[PDB]
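J.: Handing you a structure now.
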Amino acid sequence: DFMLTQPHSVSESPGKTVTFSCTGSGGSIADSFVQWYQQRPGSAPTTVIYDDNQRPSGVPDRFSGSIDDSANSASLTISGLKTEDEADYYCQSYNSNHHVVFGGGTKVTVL
């Protein structure tokens, strides 16, 4: 089965940069678009990146998505970290049957 492997925590001080990845297992990351969601406790996820690297309207440009074909991975980078960025982030894509697959999630802690 196609799975997405994600580390579960990163932490930095305000103003710094964090990045974390989502690695494909059982399939190629490049075959399907990768999305990233931010999620706050008890609330629905909101899109921060769709279609590998696109930001919806209103998402600050300090959020950026990338794909590393050689590593079979997708990454989310948050520059100029803000206190309000402390939340959980999930990558998401699709398997060969067009069904949804989620990464395990990363908690960004702002110090």
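Naming works like this for the structure tokens: A, B, ... for the chains as they're shown, residue 1 at the start of each chain, ligands 1 onward in shown order.
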I need the strand (DSSP E) residues of chain A per DSSP on the backbone, written as a ChimeraX atom specification.

T.: /A:3-5,9-12,18-25,35-39,46-49,63-68,73-78,87-94,100-102,106-110

J.: Quick one: which range 61-80 of chain A residues come within 12 Å of range 85-100 of chain A, and what is the nearest atom pair for each with the distance in Å to one decimal, counting only C-alpha atoms, rows ordered by chain and ascending number, as a tab-separated table?

T.:
residue	atom	partner	partner_atom	distance
A:62	CA	A:85	CA	10.4
A:63	CA	A:85	CA	10.0
A:65	CA	A:91	CA	10.2
A:66	CA	A:91	CA	11.6
A:67	CA	A:91	CA	11.9
A:73	CA	A:91	CA	10.6
A:74	CA	A:91	CA	8.2
A:75	CA	A:91	CA	8.6
A:76	CA	A:91	CA	8.5
A:77	CA	A:89	CA	10.9
A:78	CA	A:85	CA	8.5
A:79	CA	A:85	CA	10.3
A:80	CA	A:85	CA	9.8

J.: Please dump the current selection as a PDB file, in the first residue's frame; keep N, CA, C and O atoms.

T.:
ATOM      1  N   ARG A  62       5.386  32.825   3.952  1.00  0.00           N
ATOM      2  CA  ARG A  62       6.406  32.108   4.707  1.00  0.00           C
ATOM      3  C   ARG A  62       6.200  30.593   4.698  1.00  0.00           C
ATOM      4  O   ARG A  62       7.101  29.859   5.130  1.00  0.00           O
ATOM      5  N   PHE A  63       5.061  30.107   4.208  1.00  0.00           N
ATOM      6  CA  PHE A  63       4.823  28.677   4.020  1.00  0.00           C
ATOM      7  C   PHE A  63       5.163  28.315   2.581  1.00  0.00           C
ATOM      8  O   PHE A  63       4.653  28.942   1.644  1.00  0.00           O
ATOM      9  N   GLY A  65       5.954  24.786  -0.122  1.00  0.00           N
ATOM     10  CA  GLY A  65       6.009  23.357  -0.381  1.00  0.00           C
ATOM     11  C   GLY A  65       7.015  23.030  -1.469  1.00  0.00           C
ATOM     12  O   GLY A  65       7.255  23.831  -2.383  1.00  0.00           O
ATOM     13  N   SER A  66       7.620  21.850  -1.362  1.00  0.00           N
ATOM     14  CA  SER A  66       8.567  21.390  -2.371  1.00  0.00           C
ATOM     15  C   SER A  66       8.467  19.877  -2.505  1.00  0.00           C
ATOM     16  O   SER A  66       7.889  19.190  -1.662  1.00  0.00           O
ATOM     17  N   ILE A  67       9.059  19.366  -3.581  1.00  0.00           N
ATOM     18  CA  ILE A  67       9.123  17.938  -3.866  1.00  0.00           C
ATOM     19  C   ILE A  67      10.572  17.623  -4.201  1.00  0.00           C
ATOM     20  O   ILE A  67      11.194  18.348  -4.986  1.00  0.00           O
ATOM     21  N   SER A  73      10.255  12.369  -1.684  1.00  0.00           N
ATOM     22  CA  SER A  73       9.672  13.073  -0.551  1.00  0.00           C
ATOM     23  C   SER A  73       9.071  14.408  -0.963  1.00  0.00           C
ATOM     24  O   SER A  73       9.372  14.966  -2.020  1.00  0.00           O
ATOM     25  N   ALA A  74       8.195  14.903  -0.098  1.00  0.00           N
ATOM     26  CA  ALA A  74       7.668  16.254  -0.180  1.00  0.00           C
ATOM     27  C   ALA A  74       8.022  16.946   1.121  1.00  0.00           C
ATOM     28  O   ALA A  74       8.139  16.293   2.161  1.00  0.00           O
ATOM     29  N   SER A  75       8.211  18.262   1.074  1.00  0.00           N
ATOM     30  CA  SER A  75       8.566  19.002   2.276  1.00  0.00           C
ATOM     31  C   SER A  75       7.702  20.240   2.421  1.00  0.00           C
ATOM     32  O   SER A  75       7.277  20.844   1.433  1.00  0.00           O
ATOM     33  N   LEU A  76       7.455  20.608   3.676  1.00  0.00           N
ATOM     34  CA  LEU A  76       6.877  21.895   4.028  1.00  0.00           C
ATOM     35  C   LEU A  76       7.926  22.686   4.794  1.00  0.00           C
ATOM     36  O   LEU A  76       8.546  22.164   5.730  1.00  0.00           O
ATOM     37  N   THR A  77       8.106  23.941   4.412  1.00  0.00           N
ATOM     38  CA  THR A  77       9.032  24.846   5.081  1.00  0.00           C
ATOM     39  C   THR A  77       8.269  26.066   5.575  1.00  0.00           C
ATOM     40  O   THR A  77       7.426  26.619   4.855  1.00  0.00           O
ATOM     41  N   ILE A  78       8.541  26.468   6.813  1.00  0.00           N
ATOM     42  CA  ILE A  78       7.927  27.644   7.406  1.00  0.00           C
ATOM     43  C   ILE A  78       9.074  28.564   7.780  1.00  0.00           C
ATOM     44  O   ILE A  78       9.852  28.245   8.686  1.00  0.00           O
ATOM     45  N   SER A  79       9.217  29.670   7.065  1.00  0.00           N
ATOM     46  CA  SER A  79      10.228  30.657   7.413  1.00  0.00           C
ATOM     47  C   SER A  79       9.626  31.696   8.351  1.00  0.00           C
ATOM     48  O   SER A  79       8.405  31.824   8.466  1.00  0.00           O
ATOM     49  N   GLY A  80      10.503  32.432   9.035  1.00  0.00           N
ATOM     50  CA  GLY A  80      10.057  33.458   9.960  1.00  0.00           C
ATOM     51  C   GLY A  80       8.960  32.991  10.898  1.00  0.00           C
ATOM     52  O   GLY A  80       7.891  33.605  10.961  1.00  0.00           O
TER      53      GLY A  80
END

J.: Could you list, as a list in words, every residue within 8 Å of residue 11 in chain A, counting only C-alpha atoms and ignoring same-chain residues fewer than 6 positions away?

T.: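 Selected residues are residues 18, 108, 109, 110 and 111 of chain A.
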
J.: Could you name the residues that touch residue 2 in chain A at 6 Å or less, counting only C-alpha atoms, but leaving out those on the same chain fewer than 3 positions away, as a PyMOL selection string?

T.: chain A and resi 25-27+95
